Amino acid sequence: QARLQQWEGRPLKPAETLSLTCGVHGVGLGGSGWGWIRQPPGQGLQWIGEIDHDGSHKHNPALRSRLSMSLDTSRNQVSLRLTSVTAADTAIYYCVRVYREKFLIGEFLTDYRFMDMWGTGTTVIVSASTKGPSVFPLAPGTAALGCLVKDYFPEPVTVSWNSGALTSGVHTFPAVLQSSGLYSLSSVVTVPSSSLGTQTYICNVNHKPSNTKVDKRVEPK
Amino acid sequence: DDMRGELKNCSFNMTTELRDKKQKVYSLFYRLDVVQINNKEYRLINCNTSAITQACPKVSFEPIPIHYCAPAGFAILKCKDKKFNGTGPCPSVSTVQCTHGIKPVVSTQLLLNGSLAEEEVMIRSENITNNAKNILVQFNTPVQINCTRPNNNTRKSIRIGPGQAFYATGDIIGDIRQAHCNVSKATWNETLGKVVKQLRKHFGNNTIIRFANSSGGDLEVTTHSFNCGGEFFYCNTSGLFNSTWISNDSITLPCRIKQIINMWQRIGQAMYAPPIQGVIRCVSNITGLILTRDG
Amino acid sequence: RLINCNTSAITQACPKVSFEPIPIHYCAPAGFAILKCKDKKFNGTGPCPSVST
Amino acid sequence: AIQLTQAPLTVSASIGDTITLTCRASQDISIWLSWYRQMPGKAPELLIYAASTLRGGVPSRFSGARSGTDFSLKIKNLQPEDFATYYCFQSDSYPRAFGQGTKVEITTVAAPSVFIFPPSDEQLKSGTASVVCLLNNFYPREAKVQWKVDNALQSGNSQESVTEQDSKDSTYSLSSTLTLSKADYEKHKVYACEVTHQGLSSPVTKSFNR
Ligand SMILES: *[C@@H]1O[C@H](CO)[C@@H](O[C@@H]2O[C@H](CO)[C@@H](O[C@@H]3O[C@H](CO[C@H]4O[C@H](CO)[C@@H](O)[C@H](O)[C@@H]4O[C@@H]4O[C@H](CO)[C@@H](O[C@@H]5O[C@H](CO)[C@H](O)[C@H](O)[C@H]5O)[C@H](O)[C@H]4NC(C)=O)[C@@H](O)[C@H](O[C@H]4O[C@H](CO)[C@@H](O)[C@H](O)[C@@H]4O[C@H]4O[C@H](CO)[C@@H](O)[C@H](O)[C@@H]4O)[C@@H]3O)[C@H](O)[C@H]2NC(C)=O)[C@H](O)[C@H]1NC(C)=O
Ligand SMILES: *[C@@H]1O[C@H](CO)[C@@H](O[C@@H]2O[C@H](CO)[C@@H](O[C@@H]3O[C@H](CO[C@H]4O[C@H](CO)[C@@H](O)[C@H](O[C@H]5O[C@H](CO)[C@@H](O)[C@H](O)[C@@H]5O)[C@@H]4O)[C@@H](O)[C@H](O[C@H]4O[C@H](CO)[C@@H](O)[C@H](O)[C@@H]4O)[C@@H]3O)[C@H](O)[C@H]2NC(C)=O)[C@H](O)[C@H]1NC(C)=O
Ligand SMILES: *[C@@H]1O[C@H](CO)[C@@H](O[C@@H]2O[C@H](CO)[C@@H](O)[C@H](O)[C@H]2NC(C)=O)[C@H](O)[C@H]1NC(C)=O
Ligand SMILES: *[C@@H]1O[C@H](CO)[C@@H](O[C@@H]2O[C@H](CO)[C@@H](O)[C@H](O)[C@H]2NC(C)=O)[C@H](O)[C@H]1NC(C)=O
Ligand SMILES: *[C@@H]1O[C@H](CO)[C@@H](O[C@@H]2O[C@H](CO)[C@@H](O)[C@H](O)[C@H]2NC(C)=O)[C@H](O)[C@H]1NC(C)=O
Ligand SMILES: *[C@@H]1O[C@H](CO)[C@@H](O[C@@H]2O[C@H](CO)[C@@H](O)[C@H](O)[C@H]2NC(C)=O)[C@H](O)[C@H]1NC(C)=O
Ligand SMILES: *[C@@H]1O[C@H](CO)[C@@H](O[C@@H]2O[C@H](CO)[C@@H](O)[C@H](O)[C@H]2NC(C)=O)[C@H](O)[C@H]1NC(C)=O
Ligand SMILES: *[C@@H]1O[C@H](CO)[C@@H](O)[C@H](O)[C@H]1NC(C)=O
Ligand SMILES: *[C@@H]1O[C@H](CO)[C@@H](O)[C@H](O)[C@H]1NC(C)=O
Ligand SMILES: *[C@@H]1O[C@H](CO)[C@@H](O)[C@H](O)[C@H]1NC(C)=O
Ligand SMILES: *[C@@H]1O[C@H](CO)[C@@H](O)[C@H](O)[C@H]1NC(C)=O
Ligand SMILES: *[C@@H]1O[C@H](CO)[C@@H](O)[C@H](O)[C@H]1NC(C)=O
Ligand SMILES: *[C@@H]1O[C@H](CO)[C@@H](O)[C@H](O)[C@H]1NC(C)=O
């Protein structure tokens with residue numbers, strides 16, 4: 001039942017203070033050490049910093065003077081206060097417990113820290129204003145049709161076809177971030193060409209951040 | 001075989017700075033400081049005899065030279081004779097205002113640091129024919145002895161009351177070899193050769209001079225008890241004194257360590273020497289001996 | 001809890017001793033003298049034309 | 001700092017195989033190197049610490065070795081839950097570092113079915129035109145899309161996106177969008193996407209005339 005819970009902090013404007021907080025349940029802040037690990041999208045993990053059992057603050061050299069962490073012993077919470085956040089800092093932030101186990105090499109005893117317990121994830125995105133998508137048809141043995149879900153912010157958008165009744169042959173692609181700062185994605189489905197004039201095809205687009213729902217009929221042009 | 005076989009991990013309830021609150025704490029106590037009561041139950045060794053005033057952490061045990069100076073109307077006569085044993089006429093005398101800096105180095109079985117002889121090893125006994133009198137050997141060339149406690153100790157502070165802190169060994173890591181002293185085997189062998197040469201003058205040329213180790217008694221009297229780096233050692237010195245004399249290598253002396261010290265051969269006034277953070281290293285000169293002869 | 005309880009214990013101001021300040025004269029031993037500057041414009045430093053023992 | 005090099009960056013094997021993963025360090029980090037597995041979309045979890053000790057709950061199939069520079073991890077009896085991204089993390093020097101990540105996946109060559117979609121007239125009213133090319137159900141994942149407008153090779157004005165590998169047929173799909181101003185779109189006639197892929201002996205072109 002020992003878990004580290006952290007909650008979403010919502011998108012934040014660039015050049016501000018990034019305030020994170022991790023909730024430690026099952027165990028307490030004492031005895032171990034508590035650090036922060038991030039993960040930029042489509043990339044590997046990166047070490048930000050840790051507080052060790054001694055109360056001593058190890059920080060990554062890359063983030064110079066903009067790092068500051070604290071431990072709320074009373075509330076069992078670990079805090080991060082990254083400042084001057086740039087667009088490159090868009091990553092999922094994890095709170096970890098660096099646990100110390102002593103391993104005996106031939107004659108030497110060491111405290112080995114191995115990040116025992118991981119948080120759940122806090123997707124931090126820095127940017128554009130909330131904007132719902134425009135939905136355009138991609139109009140048609142086998143035929144392809146689809147919907148182009150363009151110019152929305154932020155992620156995510158979900159797409160179903162025929163209210164979820166059509167799933168075979170559906171591909172909904174990862175969104176791309178356009179040079180405008182707005183996202184775009186496409187969803188497609190392959191169907192028998194013989195069905196194009198008789199069966200109705202509707203892509204159900206949902207953009208929760210703007211409360212935008214679109215049911216777009218895709219007919220042959 | 002290790003330092004950790006000399007330690008007990010002792011957990012106890014301690015008072016807090018608030019009188020009505022307790023404090024479940026632990027510390028690593030040497031087996032020489034805890035006595036079992038009949039996770040077993042133990043107690044500190046000097047607890048049925050006295051209470052141990054903690055060795056105050058801001059005062060150093062390092063001996064500084066002190067000069068004993070005579071008041072007005074008195075003079076201190078200094079014997080400048082280089083063959084003066086300890087008694088009888090001294091042809092060369094001087095009136096010093098007061099003595100050279102005498103470091104009060106506290107040690108047993110070996111006169112660490114201090115003053116060397118001038119020309120040859122000096123044997124000094126109150127009555128050399130009486131085996132109940134100690135023999136004070138003084139070297140002419142010092143024998144260097146190197147200490148160590150290889151462990152990287154971690155001192156831990158416990159608040160036992162308002163403003164009072166108890167410094168405890170929280171953890172021990174690093175090199176866990178037993179504390180030891182190294183005496184050069186070549187230098188010690190030639191120093192005992194000089195001692196034996198000056199010791200046959202009082203017992204005969206054909207006599208057999210044999211060095212044995214301490215007979216028995218307290219750990220403070222059977223061992224080379226001394227202080228080094230604020231932590232008190234008790235070295236065996238059974239490899240130092242083991243030889244029979246007929247008419248790069250080193251000697252390692254296994255040393256134990258204590259924290260509860262009854263220093264001046266007294267009962268009822270102990271002292272708790274607090275842990276010393278880090279590795280302790282030691283360089284001393286053996287400038288003499290204290291020997292006893294067997295009847 | 002009382003404020004000075006994690007730092008020390010408070011010796012009670014003894015009820016029979018008064019805090020009222022009584023004048024005290026600091027007097028020099030033999031071989032010494034106390035020089036008193038009688039200048040009325042003497043700030044705190046420099047020569048004092050009028051001096052008394 | 002210490003740099004950990006993990007190769008190969010992508011190893012493919014079927015269910016019930018044995019794989020060895022390599023993580024080479026810069027200096028000698030003794031045996032302090034732990035292994036973490038990141039299931040796609042989940043959080044990384046500890047598999048092996050000190051390069052040899054198995055975490056509580058990890059099956060005995062997982063195993064590491066070596067205490068010098070060329071650390072290795074061996075997986076036996078592959079199962080679908082083992083197809084994740086593995087990371088090696090050193091703990092010797094305080095500038096901590098991670099590995100690059102070895103993406104382990106499952107191992108038929110199939111050319112894409114290609115479709116091209118003109119921009120909608122509704123979009124065009126906005127001043128911008130999107131042309132979309134779909135590459136459907138192909139394997140392997142590597143594919144090349146070249147946009148042509150009146151036979152002129154386009155560069156810098158497209159973006160593309162690929163699906164995850166399909167669980168039943170192991171294929172991928174890809175969508176590429178060419179973005180043009182309306183003014184540019186209406187100055188040209190022939191819009192074509194040319195697709196190169198291992199399953200194609202020569203490129204396939206789908207086109208329309210505006
Ligand atoms: C001399 O003797 C000493 C003893 O007198 C030795 O010291 C002991 O050394 C032990 C071994 O190193 C160490 O045990 C380890 O404790 C871990 C938990 O840490 C404790 O204890 C600390 C004591 O100082 C406390 O400061 C911590 O706060 C913590 O205690 C917490 O405290 C909470 C109150 O703050 C309690 O209440 C919780 O509070 C929460 C607040 O939100 C919630 O309310 C919770 O609901 C509430 O319960 C907690 O109950 C209490 N927790 C306890 C008692 O555990 C512990 O995690 C370590 O075990 C795990 O990890 C190791 C390594 O992986 C495994 O081998 C173990 O099997 C176990 O792993 C399992 O769990 C982990 C998750 O934790 C999983 O990741 C893993 O997969 C496994 O499933 C371990 O037990 C002692 O704590 C320490 N004691 C003291 C007095 O310091 C000393 O070493 C020795 N010295 C020498 C030189 O020999
Ligand atoms: C033996 O074991 C001891 C532990 O018992 C080891 O001592 C520790 O060493 C580590 C480094 O190896 C130290 O961590 C660093 O902390 C400094 C700043 O530390 C300051 O603050 C500490 C917390 O208050 C304090 O403990 C420090 O030490 C003083 O106080 C203790 C008593 O508490 C006293 O014993 C000491 O003599 C000091 O007076 C000190 O005031 C920090 O700058 C270090 O650098 C890291 O972080 C920076 C960025 O901040 C980064 O750039 C660096 O690369 C690096 O990551 C690091 O955090 C730890 O503080 C020491 N702890 C103690 C108790 O002293 C000892 O080294 C071992 N020795 C051997 C022989 O192995
Ligand atoms: C510290 O004090 C606690 C009590 O405050 C001790 O715990 C008790 O131990 C006795 C056995 O001697 C039990 O009968 C009690 O039930 C215990 N009380 C508890 C657990 O609340 C504890 O043993 C003490 N620790 C020491 C002396 O090291
Ligand atoms: C204090 O307690 C110690 C330990 O019990 C006593 O010393 C022990 O005395 C008995 C009886 O002679 C011996 O068998 C033990 O070997 C002794 N132990 C140690 C560690 O020396 C000591 O006598 C007690 N002191 C007083 C004044 O009662
Ligand atoms: C004998 O004298 C030496 C030299 O003064 C002592 O070693 C010094 O001890 C102090 C305090 O621990 C250190 O600061 C010096 O660096 C030490 N000097 C050297 C050269 O190591 C030694 O402790 C004395 N022996 C005793 C007192 O038994
Ligand atoms: C001090 O050294 C002596 C000698 O090494 C140790 O005691 C004897 O050791 C020899 C072999 O090393 C044994 O044959 C004897 O039986 C030992 N005598 C004993 C144990 O009384 C001794 O253990 C060392 N330490 C102390 C504190 O005396
Ligand atoms: C004794 O306790 C007092 C009260 O908790 C401590 O003073 C507080 O210190 C904290 C931390 O800096 C401040 O946030 C509070 O405002 C302080 N309170 C007051 C009334 O000044 C004090 O530091 C403690 N002393 C010791 C030696 O621990
Ligand atoms: C010490 O030397 C003096 C003078 O040589 C001598 O008389 C005396 O007997 C010596 N001491 C002993 C104990 O013999
Ligand atoms: C004593 O000598 C041993 C080897 O004989 C060596 O390992 C140890 O470090 C030495 N210790 C000191 C204090 O010289
Ligand atoms: C003692 O240590 C010194 C350096 O501190 C070294 O030069 C010397 O050789 C050592 N001697 C012995 C007997 O260990
Ligand atoms: C002296 O040495 C003998 C063995 O040689 C040992 O049994 C005895 O305990 C030693 N005495 C000491 C070190 O006081
Ligand atoms: C030992 O004596 C020599 C000279 O005899 C001196 O140079 C050295 O510093 C001394 N070592 C100490 C006092 O530790
Ligand atoms: C105080 O008065 C003296 C004499 O007038 C003068 O020299 C001195 O500067 C004055 N003090 C200060 C601080 O100016």
# chains A, B, ... in the order shown; residues from 1 in each chain; ligands from 1
$ residues_near_ligand --ligand "ligand 7" --cutoff "9 Å" --atoms "only C-alpha atoms and all ligand atoms" --output "list in words"
residues 163 of chain B; 3, 4, 5, 6, 7 and 8 of chain C
$ select_by_dssp --residues "stretch 72-174 of chain B" --states "strand (DSSP E)" --output "ChimeraX atom specification"
/B:76-79,93-96,110-112,122-125,135-161,164-174
$ closest_atom_pairs --of "chain B" --to "ligand 8" --cutoff "8 Å" --atoms "only C-alpha atoms and all ligand atoms" --output "JSON lines"
{"residue": "B:84", "atom": "CA", "partner": "ligand 8", "partner_atom_place_in_ligand_line": "2 (O)", "distance": 6.4}
{"residue": "B:85", "atom": "CA", "partner": "ligand 8", "partner_atom_place_in_ligand_line": "1 (C)", "distance": 4.9}
{"residue": "B:86", "atom": "CA", "partner": "ligand 8", "partner_atom_place_in_ligand_line": "1 (C)", "distance": 5.7}
{"residue": "B:87", "atom": "CA", "partner": "ligand 8", "partner_atom_place_in_ligand_line": "1 (C)", "distance": 4.8}
{"residue": "B:88", "atom": "CA", "partner": "ligand 8", "partner_atom_place_in_ligand_line": "3 (C)", "distance": 4.7}
{"residue": "B:89", "atom": "CA", "partner": "ligand 8", "partner_atom_place_in_ligand_line": "4 (C)", "distance": 6.4}
{"residue": "B:124", "atom": "CA", "partner": "ligand 8", "partner_atom_place_in_ligand_line": "13 (C)", "distance": 7.2}
{"residue": "B:125", "atom": "CA", "partner": "ligand 8", "partner_atom_place_in_ligand_line": "13 (C)", "distance": 5.8}
{"residue": "B:126", "atom": "CA", "partner": "ligand 8", "partner_atom_place_in_ligand_line": "13 (C)", "distance": 5.4}
{"residue": "B:127", "atom": "CA", "partner": "ligand 8", "partner_atom_place_in_ligand_line": "13 (C)", "distance": 4.7}
{"residue": "B:128", "atom": "CA", "partner": "ligand 8", "partner_atom_place_in_ligand_line": "13 (C)", "distance": 5.5}
$ residues_around --residues "stretch 121-128 of chain A" --least-positions-apart "4" --cutoff "7 Å" --atoms "only C-alpha atoms" --output "list in words"
residues 6, 7, 8, 10, 11, 12, 13, 14, 87, 90, 91, 92, 93, 94 and 181 of chain A
$ residues_near_ligand --ligand "ligand 6" --cutoff "10 Å" --atoms "only C-alpha atoms and all ligand atoms" --output "PDB file with N, CA, C and O atoms, in the first residue's frame"
ATOM      1  N   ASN B 213      55.836 -10.912  27.740  1.00  0.00           N
ATOM      2  CA  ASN B 213      54.748  -9.948  27.693  1.00  0.00           C
ATOM      3  C   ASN B 213      54.102  -9.811  29.068  1.00  0.00           C
ATOM      4  O   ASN B 213      54.424 -10.537  30.009  1.00  0.00           O
ATOM      5  N   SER B 214      53.180  -8.856  29.168  1.00  0.00           N
ATOM      6  CA  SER B 214      52.623  -8.480  30.459  1.00  0.00           C
ATOM      7  C   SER B 214      51.957  -9.669  31.135  1.00  0.00           C
ATOM      8  O   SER B 214      51.347 -10.518  30.481  1.00  0.00           O
ATOM      9  N   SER B 215      52.089  -9.732  32.458  1.00  0.00           N
ATOM     10  CA  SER B 215      51.618 -10.890  33.208  1.00  0.00           C
ATOM     11  C   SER B 215      50.099 -10.953  33.260  1.00  0.00           C
ATOM     12  O   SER B 215      49.492 -11.888  32.729  1.00  0.00           O
ATOM     13  N   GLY B 216      49.476  -9.963  33.888  1.00  0.00           N
ATOM     14  CA  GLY B 216      48.032  -9.979  34.031  1.00  0.00           C
ATOM     15  C   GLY B 216      47.567  -8.790  34.841  1.00  0.00           C
ATOM     16  O   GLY B 216      48.371  -8.008  35.363  1.00  0.00           O
ATOM     17  N   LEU B 219      42.987  -4.196  32.046  1.00  0.00           N
ATOM     18  CA  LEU B 219      43.333  -3.893  30.662  1.00  0.00           C
ATOM     19  C   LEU B 219      44.198  -2.645  30.564  1.00  0.00           C
ATOM     20  O   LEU B 219      44.959  -2.490  29.602  1.00  0.00           O
ATOM     21  N   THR B 222      47.780  -4.337  31.487  1.00  0.00           N
ATOM     22  CA  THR B 222      48.285  -5.394  30.622  1.00  0.00           C
ATOM     23  C   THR B 222      48.492  -4.939  29.187  1.00  0.00           C
ATOM     24  O   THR B 222      49.031  -5.703  28.381  1.00  0.00           O
ATOM     25  N   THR B 223      48.077  -3.724  28.848  1.00  0.00           N
ATOM     26  CA  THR B 223      48.135  -3.230  27.486  1.00  0.00           C
ATOM     27  C   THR B 223      48.823  -1.874  27.461  1.00  0.00           C
ATOM     28  O   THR B 223      48.885  -1.166  28.466  1.00  0.00           O
ATOM     29  N   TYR B 234      44.165   0.524  23.429  1.00  0.00           N
ATOM     30  CA  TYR B 234      44.720  -0.441  24.381  1.00  0.00           C
ATOM     31  C   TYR B 234      45.387  -1.553  23.575  1.00  0.00           C
ATOM     32  O   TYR B 234      44.759  -2.562  23.259  1.00  0.00           O
ATOM     33  N   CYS B 235      46.672  -1.375  23.278  1.00  0.00           N
ATOM     34  CA  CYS B 235      47.388  -2.246  22.358  1.00  0.00           C
ATOM     35  C   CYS B 235      48.061  -3.399  23.089  1.00  0.00           C
ATOM     36  O   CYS B 235      48.476  -3.272  24.239  1.00  0.00           O
ATOM     37  N   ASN B 236      48.175  -4.533  22.395  1.00  0.00           N
ATOM     38  CA  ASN B 236      48.588  -5.769  23.052  1.00  0.00           C
ATOM     39  C   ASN B 236      50.053  -5.730  23.478  1.00  0.00           C
ATOM     40  O   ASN B 236      50.380  -6.053  24.626  1.00  0.00           O
ATOM     41  N   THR B 237      50.946  -5.334  22.572  1.00  0.00           N
ATOM     42  CA  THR B 237      52.394  -5.317  22.821  1.00  0.00           C
ATOM     43  C   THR B 237      52.893  -6.653  23.362  1.00  0.00           C
ATOM     44  O   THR B 237      53.702  -6.707  24.287  1.00  0.00           O
ATOM     45  N   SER B 238      52.397  -7.744  22.787  1.00  0.00           N
ATOM     46  CA  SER B 238      52.959  -9.062  23.035  1.00  0.00           C
ATOM     47  C   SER B 238      53.906  -9.502  21.936  1.00  0.00           C
ATOM     48  O   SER B 238      54.625 -10.488  22.114  1.00  0.00           O
ATOM     49  N   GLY B 239      53.915  -8.805  20.805  1.00  0.00           N
ATOM     50  CA  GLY B 239      54.874  -9.076  19.759  1.00  0.00           C
ATOM     51  C   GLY B 239      56.071  -8.164  19.886  1.00  0.00           C
ATOM     52  O   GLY B 239      57.143  -8.453  19.351  1.00  0.00           O
ATOM     53  N   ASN B 242      58.785 -10.110  22.977  1.00  0.00           N
ATOM     54  CA  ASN B 242      58.826 -11.559  22.806  1.00  0.00           C
ATOM     55  C   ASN B 242      60.162 -11.884  22.140  1.00  0.00           C
ATOM     56  O   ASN B 242      60.266 -11.827  20.913  1.00  0.00           O
ATOM     57  N   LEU B 253      50.463  -4.397  16.251  1.00  0.00           N
ATOM     58  CA  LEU B 253      49.950  -4.653  17.588  1.00  0.00           C
ATOM     59  C   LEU B 253      48.444  -4.461  17.595  1.00  0.00           C
ATOM     60  O   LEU B 253      47.977  -3.331  17.406  1.00  0.00           O
ATOM     61  N   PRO B 254      47.650  -5.508  17.809  1.00  0.00           N
ATOM     62  CA  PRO B 254      46.192  -5.338  17.812  1.00  0.00           C
ATOM     63  C   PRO B 254      45.738  -4.536  19.022  1.00  0.00           C
ATOM     64  O   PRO B 254      46.000  -4.913  20.164  1.00  0.00           O
ATOM     65  N   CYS B 255      45.035  -3.437  18.765  1.00  0.00           N
ATOM     66  CA  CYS B 255      44.601  -2.522  19.806  1.00  0.00           C
ATOM     67  C   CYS B 255      43.085  -2.541  19.927  1.00  0.00           C
ATOM     68  O   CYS B 255      42.375  -2.488  18.923  1.00  0.00           O
ATOM     69  N   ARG B 256      42.597  -2.620  21.156  1.00  0.00           N
ATOM     70  CA  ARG B 256      41.186  -2.419  21.433  1.00  0.00           C
ATOM     71  C   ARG B 256      40.936  -0.952  21.739  1.00  0.00           C
ATOM     72  O   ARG B 256      41.861  -0.179  21.986  1.00  0.00           O
TER      73      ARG B 256
END
$ residues_near_ligand --ligand "ligand 5" --cutoff "12 Å" --atoms "only C-alpha atoms and all ligand atoms" --output "PyMOL selection string"
chain B and resi 59-65+103-108+110-115+142-148+181+224-234+276+279-287
$ closest_atom_pairs --of "chain B" --to "chain C" --cutoff "9 Å" --atoms "only C-alpha atoms" --output "JSON lines"
{"residue": "B:17", "atom": "CA", "partner": "C:6", "partner_atom": "CA", "distance": 6.1}
{"residue": "B:18", "atom": "CA", "partner": "C:6", "partner_atom": "CA", "distance": 7.4}
{"residue": "B:161", "atom": "CA", "partner": "C:6", "partner_atom": "CA", "distance": 8.5}
{"residue": "B:162", "atom": "CA", "partner": "C:8", "partner_atom": "CA", "distance": 5.5}
{"residue": "B:163", "atom": "CA", "partner": "C:7", "partner_atom": "CA", "distance": 5.8}
$ write_last_selection --atoms "C-alpha atoms" --output "short mmCIF file (atom, residue, chain, number, x, y, z; two decimals), in the first residue's frame"
data_model
loop_
_atom_site.label_atom_id
_atom_site.label_comp_id
_atom_site.auth_asym_id
_atom_site.auth_seq_id
_atom_site.Cartn_x
_atom_site.Cartn_y
_atom_site.Cartn_z
CA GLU B 17 14.73 17.97 26.30
CA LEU B 18 11.13 17.89 27.58
CA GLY B 161 18.20 17.10 28.22
CA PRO B 162 17.95 20.87 27.92
CA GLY B 163 21.24 21.95 26.39
#
$ residues_around --residues "residue B:57" --least-positions-apart "2" --cutoff "9 Å" --atoms "only C-alpha atoms" --output "list in words"
residues 54, 55, 59, 60, 167, 273 and 274 of chain B
$ write_last_selection --atoms "C-alpha atoms" --output "PDB file, in the first residue's frame"
ATOM      1  CA  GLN B  54      31.109  12.934  29.156  1.00  0.00           C
ATOM      2  CA  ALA B  55      34.490  13.974  27.817  1.00  0.00           C
ATOM      3  CA  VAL B  59      38.472  20.381  25.005  1.00  0.00           C
ATOM      4  CA  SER B  60      41.395  18.513  23.462  1.00  0.00           C
ATOM      5  CA  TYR B 167      27.455  11.892  21.160  1.00  0.00           C
ATOM      6  CA  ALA B 273      35.119   9.657  25.494  1.00  0.00           C
ATOM      7  CA  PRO B 274      32.769  10.634  22.644  1.00  0.00           C
TER       8      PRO B 274
END
$ atom_distance --atom1 "atom CA of residue A:113" --atom2 "atom CA of residue A:63"
21.5 Å
$ residues_near_ligand --ligand "ligand 2" --cutoff "6 Å" --atoms "only C-alpha atoms and all ligand atoms" --output "ChimeraX atom specification"
/A:55-59 /B:152,154,278 /D:94
$ residues_near_ligand --ligand "ligand 4" --cutoff "10 Å" --atoms "only C-alpha atoms and all ligand atoms" --output "number ranges by chain"
B: 32-38, 43-50, 218, 267-268
$ residues_around --residues "residue A:216" --least-positions-apart "5" --cutoff "9 Å" --atoms "only C-alpha atoms" --output "ChimeraX atom specification"
/A:135-137,147,201-205
$ write_last_selection --atoms "N, CA, C and O atoms" --output "compact mmCIF listing (two decimals), in the first residue's frame"
# COMPACT_ATOMS: atom_id res chain seq x y z
N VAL A 135 -12.27 20.29 -37.59
CA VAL A 135 -12.27 18.90 -38.05
C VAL A 135 -12.64 18.89 -39.52
O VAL A 135 -13.74 19.32 -39.89
N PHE A 136 -11.73 18.37 -40.36
CA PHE A 136 -11.92 18.35 -41.80
C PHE A 136 -12.00 16.92 -42.30
O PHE A 136 -11.28 16.05 -41.79
N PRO A 137 -12.82 16.65 -43.30
CA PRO A 137 -12.88 15.29 -43.86
C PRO A 137 -11.65 14.96 -44.69
O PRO A 137 -11.09 15.81 -45.38
N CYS A 147 -10.50 11.68 -40.81
CA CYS A 147 -10.74 13.04 -40.34
C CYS A 147 -9.40 13.66 -39.98
O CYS A 147 -8.53 13.01 -39.41
N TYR A 201 -20.31 7.03 -42.25
CA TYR A 201 -19.08 7.03 -41.46
C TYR A 201 -18.94 8.38 -40.77
O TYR A 201 -18.91 9.42 -41.43
N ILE A 202 -18.86 8.35 -39.44
CA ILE A 202 -18.78 9.55 -38.62
C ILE A 202 -17.59 9.41 -37.69
O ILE A 202 -17.48 8.41 -36.97
N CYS A 203 -16.69 10.38 -37.71
CA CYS A 203 -15.60 10.39 -36.74
C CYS A 203 -16.03 11.24 -35.56
O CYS A 203 -16.52 12.37 -35.73
N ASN A 204 -15.93 10.67 -34.35
CA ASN A 204 -16.31 11.35 -33.12
C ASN A 204 -15.05 11.89 -32.47
O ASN A 204 -14.27 11.14 -31.89
N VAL A 205 -14.88 13.20 -32.55
CA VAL A 205 -13.70 13.90 -32.04
C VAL A 205 -14.07 14.52 -30.71
O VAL A 205 -15.09 15.21 -30.61
$ interface_residues --of "chain A" --to "chain B" --cutoff "10 Å" --atoms "only C-alpha atoms" --output "ChimeraX atom specification"
/A:102,107-111
$ write_last_selection --atoms "N, CA, C and O atoms" --output "PDB file, in the first residue's frame"
ATOM      1  N   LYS A 102      23.255  -1.452   1.893  1.00  0.00           N
ATOM      2  CA  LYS A 102      24.700  -1.586   2.003  1.00  0.00           C
ATOM      3  C   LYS A 102      25.156  -2.866   1.321  1.00  0.00           C
ATOM      4  O   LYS A 102      24.745  -3.964   1.709  1.00  0.00           O
ATOM      5  N   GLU A 107      36.250  -5.698   0.708  1.00  0.00           N
ATOM      6  CA  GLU A 107      36.615  -5.133   1.997  1.00  0.00           C
ATOM      7  C   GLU A 107      35.919  -3.809   2.287  1.00  0.00           C
ATOM      8  O   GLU A 107      36.115  -3.258   3.375  1.00  0.00           O
ATOM      9  N   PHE A 108      35.111  -3.294   1.367  1.00  0.00           N
ATOM     10  CA  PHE A 108      34.559  -1.949   1.446  1.00  0.00           C
ATOM     11  C   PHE A 108      33.043  -2.019   1.546  1.00  0.00           C
ATOM     12  O   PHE A 108      32.404  -2.769   0.805  1.00  0.00           O
ATOM     13  N   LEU A 109      32.477  -1.231   2.456  1.00  0.00           N
ATOM     14  CA  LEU A 109      31.035  -1.130   2.637  1.00  0.00           C
ATOM     15  C   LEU A 109      30.551   0.201   2.078  1.00  0.00           C
ATOM     16  O   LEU A 109      31.102   1.254   2.413  1.00  0.00           O
ATOM     17  N   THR A 110      29.523   0.155   1.234  1.00  0.00           N
ATOM     18  CA  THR A 110      29.005   1.343   0.574  1.00  0.00           C
ATOM     19  C   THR A 110      27.509   1.472   0.818  1.00  0.00           C
ATOM     20  O   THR A 110      26.801   0.472   0.952  1.00  0.00           O
ATOM     21  N   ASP A 111      27.033   2.713   0.865  1.00  0.00           N
ATOM     22  CA  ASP A 111      25.605   3.004   0.796  1.00  0.00           C
ATOM     23  C   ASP A 111      25.220   3.121  -0.669  1.00  0.00           C
ATOM     24  O   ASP A 111      25.648   4.052  -1.360  1.00  0.00           O
TER      25      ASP A 111
END
